[PDB]
There are 2 protein chains.
Amino acid sequence: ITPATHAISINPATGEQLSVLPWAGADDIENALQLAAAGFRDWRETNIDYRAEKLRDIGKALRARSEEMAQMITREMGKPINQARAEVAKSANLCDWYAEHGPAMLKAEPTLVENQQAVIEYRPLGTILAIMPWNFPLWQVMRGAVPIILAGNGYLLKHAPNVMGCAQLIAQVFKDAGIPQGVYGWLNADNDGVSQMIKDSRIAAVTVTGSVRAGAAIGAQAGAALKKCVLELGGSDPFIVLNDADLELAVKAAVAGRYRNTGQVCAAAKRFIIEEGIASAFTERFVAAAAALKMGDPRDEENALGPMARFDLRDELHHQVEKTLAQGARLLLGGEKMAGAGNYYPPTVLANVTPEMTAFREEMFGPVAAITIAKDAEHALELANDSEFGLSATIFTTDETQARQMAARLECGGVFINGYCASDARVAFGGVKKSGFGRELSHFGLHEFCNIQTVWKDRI
Amino acid sequence: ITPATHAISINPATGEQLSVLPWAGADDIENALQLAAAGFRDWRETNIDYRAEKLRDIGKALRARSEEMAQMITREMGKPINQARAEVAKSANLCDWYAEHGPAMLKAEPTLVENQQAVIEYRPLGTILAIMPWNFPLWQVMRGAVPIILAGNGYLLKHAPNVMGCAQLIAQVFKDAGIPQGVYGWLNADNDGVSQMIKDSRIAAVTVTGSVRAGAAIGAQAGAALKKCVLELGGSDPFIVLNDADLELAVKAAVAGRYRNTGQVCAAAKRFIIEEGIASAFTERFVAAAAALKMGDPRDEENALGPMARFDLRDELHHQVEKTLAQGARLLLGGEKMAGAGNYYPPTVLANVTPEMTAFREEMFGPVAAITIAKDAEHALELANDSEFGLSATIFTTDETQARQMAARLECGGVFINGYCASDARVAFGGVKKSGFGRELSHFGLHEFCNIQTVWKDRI
Ligand SMILES: NC(=O)c1ccc[n+]([C@@H]2O[C@H](COP(=O)([O-])OP(=O)(O)OC[C@H]3O[C@@H](n4cnc5c(N)ncnc54)[C@H](O)[C@@H]3O)[C@@H](O)[C@H]2O)c1
Ligand SMILES: NC(=O)c1ccc[n+]([C@@H]2O[C@H](COP(=O)([O-])OP(=O)(O)OC[C@H]3O[C@@H](n4cnc5c(N)ncnc54)[C@H](O)[C@@H]3O)[C@@H](O)[C@H]2O)c1
């Protein structure tokens, strides 16, 4: 059993092999595409209010399996159990939210054409192929699947190969809810299987959450096949603290933003950009708060951090730490792989990080904070924008006039002023630059995979 | 002078070489990108009401050169002069329409977040690279440039190599209007130059109007570079006539839809799908009406059709005609290349066209109507959707409820019921399947190239 023939689940806290699953064969892929096509054909004809009711059924079936799902998330990728439980609750609440607010967003639009001759309709597009990651194994699927299916599309999940136990449980939830065959489906396809599906006429569009490299590989294939794609490819979000900040609130938001989900968050606070006058006080408070975080067995609710999800990615992250230290940064906390069977990396703080260093230019997808000193607010904006990424950003300053101006100039898709960054059904999510393009949640996640259709009567 | 080194204009009505222009060099490309970056940096700071006034200045500058522009359009690609004049009028009115209605579409959205803490802002993305075709040398450019620039983006035009006289005149109009260099810019880039610009960080996104082959080549590169693209790649629009249609109006709309711009329209009526009871009457009327169209010198206003734009594309169209005849269709009108120096192809009607034939499966980008018989309305819908394309469609029937149900089942981005298909600033434009993805005009054209940005204050 090698990762060249199988999807493999390993518990990152213990090292034990949980499950293996061979890649989908040519028959498996063809069967899934046939059922997706048949399911979409029938699903697109359903009434919107019936689909809204089915979303609520998904929410009930998810809550009914809430602890089983949370434990599967924790077991396969190491997330603290209360964060996994929160992920389940957030995902079930998303079902109910789109059931209530989604239908109105799909109503026909009036136009300025005289005599009400023309309207805009939001029609289903087809089956959307979804390529998803391990860090929120449930929420990442539901964030797209819920509005996509509400809009009359089908959804075909290609999940990360280390969370196929989560993928099977999600399928069971959709089965429990009575979602027809082919409307929600999933496949353990290897990269070639994905390539084959992108080229297949029964896949209408593609959505990807993952690495920049995956986004570039899949986006190129989608474009070559004339398939629209949405790409969410991670981030290196700046977290700016100016001299007049509420320092106690800023440190709390800084610690939560960097170290939630053991740092494995696309929109984690990854680059702390601190104005010079407050930098010493921020750094000392931040290091002390990070050092008080309890880490260990993620089934134990006293622990705020678990192990990292993937052994090879802990090696990558530690290598990023070593290079950054070799480049001249200072190690203030952590910075060594923990011995033992678990994939643990301690909360880590690097300081004296300059724009040329590895921890400033690459996504640090684990519990490693990078602290950079800014000379003033204009330098802080320049440092914040000096990134290939552009997902989200935080600004802490009590000057509301300065905050709003920096938001208008921050090169990212979401700006949080004096608060905690998060994704939320009620607001758009997604970024710019190498973080990708397209928007999820609110009405944006509904409409991205609609056929927006002008219907015009009696144009004579 | 060779096609490997130069853009070349030839008058299709006479075969006379008009002009040549060498491809941009490395220095030209870098200068255009530097201008674009400097122009966007300043333009994004302007007030939206200022930009709206600048749109009005564009409309004024364009009308002031309306006849110079129209004659250049007709001279370079063969369009009947009054259709070229109408193209100018429609483009100038688009400037005024977006100046009046655009700014309100760019206001921040409220959200359902508590305490009015979060809004959605529509920020510009950057410089949009636009790859455009020769069939509407002005309107294709303005359709995107006007909303793109209004949203605070820059626009960098790579026009079709046979209309660089048009491209130069468009640049002069923007300069007459006082639109800064780089905010509207253009380059005579070859394909490699386009590839270099797509990879350059000073290009934020790409928009393409052209062939399926061009959209696949460019879309693949945009995806590989993590740049959003919008693709409009032509169509094979069905035109459905049921037994209860207003037959006189249906034939008029049928003829106008197929033969406008000598057939060279993405959203032309290309596949006529006629219910069996009315098929003989429709076909007789349609052949007679098409045979009454005058073709010749497009400077002479008595002509409804001109020569086709490109000699090689007349050859391609006639090859598609010959293959369709060889497969079993019946030639009712035209069907032969005219002798002489001009690139003339007569109005042509193919009957007994089945879904397996070349004229049913490929885009027929010239004055060639295909007529297919449908047994009933359900067969008509199946025939209409049996296409790799999906741009627009027409339904003629007095059963207004049947029309509405068929529209909800047509796999295309626009459906015209008992009327003339057209693009219009007030409604969405763009299709599905191999016709591409993304939407132009109305608020869609403004928002496709925005950074849709969540700004959320005090999330604590
Ligand atoms: N944006 C995010 O939420 C997110 C999530 C996980 C990882 N990441 C980033 O990616 C890095 C690596 O983690 P990863 O290896 O799991 O990321 P990954 O991109 O390799 O995995 C993401 C998903 O894309 C699929 N995938 C990757 N390459 C593919 C290809 N060529 N064809 C088809 N499918 C393909 C994977 O199977 C998985 O389902 C992390 O350190 C982090 O920086 C980002
Ligand atoms: N959608 C439309 O409105 C439209 C317009 C013109 C042509 N077409 C279709 O395309 C057929 C051929 O006409 P055409 O040869 O002018 O189409 P074309 O796609 O080759 O030309 C379209 C534009 O794209 C550019 N282009 C093409 N390939 C490119 C590449 N690889 N890299 C960079 N730029 C590239 C061309 O220079 C031109 O500016 C027509 O017969 C018709 O079927 C469609």
Side-chain angles (χ1 to χ4, degrees), chain B residues 1-21 67-88 132-141 158-170 188 209-211 213-214 234 256 258-266 268 270 290 293-322 333-348 362-369:
Chain B
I1 310 304
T2 201
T5 55
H6 286 77
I8 303 157
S9 286
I10 298 168
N11 192 332
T14 67
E16 306 166 303
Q17 183 166 112
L18 301 169
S19 64
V20 299
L21 189 65
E67 181 72 0
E68 185 184 2
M69 180 72 70
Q71 292 285 338
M72 180 66 73
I73 290 172
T74 289
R75 174 169 51 248
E76 285 191 314
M77 50 73 56
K79 172 174 309 213
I81 182 66
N82 278 327
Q83 295 179 41
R85 285 170 185 148
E87 183 180 344
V88 176
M132 291 295 129
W134 48 264
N135 66 331
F136 296 87
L138 174 68
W139 166 255
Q140 295 274 17
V141 174
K158 207 299 292 184
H159 219 336
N162 57 325
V163 293
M164 294 312 296
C166 289
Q168 283 165 92
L169 263 181
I170 296 168
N188 188 36
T209 299
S211 63
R213 181 185 173 187
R258 170 73 280 191
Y259 297 106
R260 176 173 166 257
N261 198 17
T262 316
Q264 303 161 128
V265 187
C266 50
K270 298 204 179 81
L293 302 169
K294 293 181 189 175
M295 178 175 78
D297 183 7
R299 290 179 271 172
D300 179 352
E301 306 180 17
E302 68 174 335
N303 288 318
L305 280 79
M308 292 177 67
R310 289 243 307 271
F311 284 94
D312 63 296
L313 295 182
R314 186 180 61 158
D315 294 334
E316 171 179 300
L317 179 73
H318 184 64
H319 190 248
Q320 298 170 297
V321 167
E322 287 190 331
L333 178 67
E336 55 185 28
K337 296 189 226 183
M338 314 280 82
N343 193 35
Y344 289 99
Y345 204 84
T348 296
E362 305 179 11
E363 180 171 40
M364 296 292 284
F365 212 67
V368 175

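Side chains are part of it too, since the values below use all heavy atoms of this structure and drop only hydrogens, waters and symmetry mates. Lettering of chains follows the sequences in order, A, B, ..., and the numbering in each one begins at 1.
Remark: side-chain polar atoms of B/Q140 are not paired, donor with acceptor, to backbone N or O of B/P133 under 3.5 angstrom. Checked by atom type and distance alone, the side chain of B/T2 never pairs as donor or acceptor with a backbone atom of B/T5 at under 3.5 Å. A donor-acceptor pair under 3.5 Å is formed between the side chain of B/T348 and the backbone N or O of B/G335. Using a distance-only test at 3.5 Å, with no hydrogens or angles considered, a donor-acceptor pair links the side chain of B/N135 to the main chain of B/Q264. A distance-only check finds a donor-acceptor pair linking the side chain of B/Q320 to the backbone of B/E363 [under 3.5 Å].
Summarising the geometry, atom CG belonging to B/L169 is positioned 5.0 Å from atom CE belonging to B/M69; distances are rounded to the nearest 0.5 Å. Atom CG of B/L305 and atom NZ of B/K294 lie 12.5 Å apart (nearest 0.5 Å). Summarising the geometry, atom CG belonging to B/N303 is positioned 12.0 Å from atom CD1 belonging to B/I81; distances are rounded to the nearest 0.5 Å. The distance from the CG atom of B/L317 to the CD atom of B/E362 is 10.5 Å, given to the nearest 0.5 Å. Taken to the nearest 0.5 Å, the CE atom of B/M77 stands 11.0 Å off from the CG atom of B/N11. In this structure, CG in B/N188 is found 7.5 Å from NZ in B/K158, a value given to the nearest 0.5 Å.
For the pair B/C166 and B/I73, the minimum side-chain heavy-atom distance is below 4.5 Å. Annotation: side chain of B/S19 is not in contact with side chain of B/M164 (no heavy-atom distance under 4.5 Å). Looking at B/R75 and B/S9, their side chains never come closer than 4.5 Å, going by heavy atoms from C-beta outward. Side-chain contact between B/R85 and B/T74: absent, with no pair of heavy atoms (C-beta onward) separated by less than 4.5 Å. Inter-residue side-chain proximity for B/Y345 and B/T262 is flagged as unmet; no heavy-atom pair is nearer than 4.5 Å. Side-chain contact check for B/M308 versus B/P12: every heavy-atom pair is 4.5 Å or farther apart. Residues B/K270 and B/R258 meet the side-chain proximity criterion, which asks for heavy atoms closer than 4.5 Å. Side chains of B/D315 and B/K337 form a contact here, defined as non-hydrogen atoms less than 4.5 Å apart.
B/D297 and B/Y344 get closest at one heavy-atom pair: N-OH, 3.2 Å. Minimum heavy-atom separation, B/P298 to B/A13: CD-CB, 3.9 Å. Between B/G334 and B/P346, the closest heavy-atom pair is CA-CG, 3.8 Å. Pairing each heavy atom of B/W134 with each of B/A160, the nearest pair is N-CB, 3.7 Å. When all heavy atoms of B/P80 and B/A304 are compared, the pair lying nearest together is CG-O, 3.6 Å. Shown here for B/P307 and B/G296, the closest heavy-atom pair between the two residues is CD-O, 4.2 Å.
In the model, B/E76 has no side-chain atom that pairs as donor or acceptor with a side-chain atom of B/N162 under 3.5 Å. There is a side-chain donor-acceptor pair under 3.5 Å between B/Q71 and B/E67.
Judged by a 6.0 Å distance limit and a 45° cone about the ring axis, B/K79 is positioned over the six-membered ring of B/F136.
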Would you sort out whether B/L293 and B/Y259 count as a side chain to side chain contact (heavy atoms under 4.5 Å, CB included), showing the intermediate values? CA-CA 9 Å; B/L293 302 169; B/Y259 297 106; 3.7 Å; yes

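B/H318 pairs with exactly one of B/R314, B/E322, B/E316 by the side-chain hydrogen bond (donor to acceptor under 3.5 Å, both in side chains) rule, that one being B/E322. With respect to B/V141, the side chain to side chain contact (heavy atoms under 4.5 Å, CB included) criterion is satisfied by exactly one of B/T209, B/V163, B/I170: B/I170.
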